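**Student:** missing the sequence, but the structure's below:
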Ligand SMILES: N=C(N)c1ccc(CNC(=O)[C@@H]2CCCN2C(=O)[C@@H](CC2CCCCC2)NS(=O)(=O)Cc2ccccc2)cc1
Ligand SMILES: *[C@@H]1O[C@H](CO)[C@@H](O)[C@H](O)[C@H]1NC(C)=O
Ligand code: NA
Ligand code: NA
């Protein structure tokens, strides 16, 4: 996260770290959506242009974390993966369309002060909140700058941007399964997700029921925090039918 | 599920985090 | 740069 700040303790208890077993290192962010399901970006697991194709046994999920590098004894919990599900129409070839994946844990994780699931949006909450200018929140342990790394989880609040402005900021073909967020050059404030924040959640707090909803997944961006560029996020609601199908079938 | 999105150290105790109001204020 | 995690999780 660029131009963010340290998270408060327990501020994002659905935040998950995807951790490579060997070498031991951060792979991506992710989010907890139930006691046995974790949501992330497909490109965290599968990206052939960079020779990336992780299998279940390659990875661990670390839940309840705050420090990036420390083993947070008595606080974090580490889970193994039973199965990875990548969206069948994830477009790694062109534009990261449908950049979404689910991971089923081998065993349910125990909830605690530090570990708790985020909600997924219904159609109405999505329609109400996914509006230009409305702010969401992104969290992660990724780079502090485009080209270093944080001691603890970082957080930044960013406004959703009008679709034509998103489109006009890039040569990539944008789809309805994406949205973009960030400040404009003339707005003064700044901030963005970055490398390593991949797969983490873009959340909004509903003013109707005071619950946090995951509206997006950190997907892509041209560098980080560049003037005139925006961060792109997988549109979770648009892909929720797939999420539900997977959980209903394999849950 | 039923309890999703309510943080033990914040909503469950009626404590606000330092910047959540920034989100609310944008929901105009 | 990461602290070693308990071996039980790597088995
Ligand atoms: N600025 C952001 N909001 C942001 C930056 C990086 C990410 C992580 N995602 C990625 O790195 C993804 C996966 C492969 C290529 N990629 C990118 O974002 C590419 C743009 C993709 C290319 C493929 C077609 C869709 C657009 N830009 S990129 O500059 O390489 C991302 C990057 C890499 C390393 C350091 C900083 C930034 C996610 C978000
Ligand atoms: C990635 O890994 C799987 C399993 O090993 C393999 O079958 C597949 O062809 C690889 N490439 C994909 C899914 O694009
Ligand atoms: Na364009
Ligand atoms: Na920008």
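**Tutor:** Everything's here; your move. Residues are numbered from 1 along each chain as shown, chains lettered A, B, ... in the order given. Ligands and ions are numbered 1, 2, ... in the order given.

**Student:** the strand or helix carrying residue A:18: partners in the sheet, and parallel or antiparallel?
**Tutor:** Take DSSP states H and E as the rule and residue A:18 turns out to sit in strand A:15-20. Paired neighbours of strand A:15-20 in the sheet (DSSP bridges): strand A:25-32 (antiparallel), strand A:59-63 (antiparallel).

**Student:** quick one: name the residues of the stretch 51-200 of chain A near chain C.
**Tutor:** A:60, A:62, A:69, A:70, A:71, A:78, A:80, A:149 (Cβ under 8 Å from any Cβ of the partner chain). Bear in mind the C-beta positions are built from the backbone N, C-alpha and C, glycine included.

**Student:** among the residues you listed, which are in reach of ligand 4?
**Tutor:** Among these, no residue is within reach of ligand 4 (Cβ under 5 Å from the ion).

**Student:** next, give me the two most distant ones among these.
**Tutor:** Spatially, the most separated pair among those is A:80 and A:149, at 25.5 Å (Cβ to Cβ).

**Student:** adding neighbour count, write the residues of the stretch 51-200 of chain A next to chain C out as JSON lines.
**Tutor:** Shown next, in JSON lines, are those (neighbours: other Cβ atoms under 10 Å in any protein chain shown):
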{"residue": "A:60", "neighbour count": "20"}
{"residue": "A:62", "neighbour count": "20"}
{"residue": "A:69", "neighbour count": "17"}
{"residue": "A:70", "neighbour count": "14"}
{"residue": "A:71", "neighbour count": "16"}
{"residue": "A:78", "neighbour count": "19"}
{"residue": "A:80", "neighbour count": "16"}
{"residue": "A:149", "neighbour count": "14"}
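
**Student:** contact partners for whichever residue of chain B sits closest to ligand 4?
**Tutor:** Relative to ligand 4, the nearest point of chain B is residue B:26 (17.4 Å; Cβ to the ion). Contact analysis of residue B:26 by Cβ atoms under 8 Å, 6 or more residues apart in numbering or on different chains lists A:133, A:134, A:135, A:159.

**Student:** same thing but 10 Å
**Tutor:** If you count contacts by Cβ atoms under 10 Å, 6 or more residues apart in numbering or on different chains, residue B:26 has them with A:129, A:131, A:133, A:134, A:135, A:136, A:157, A:159, A:160, A:204.
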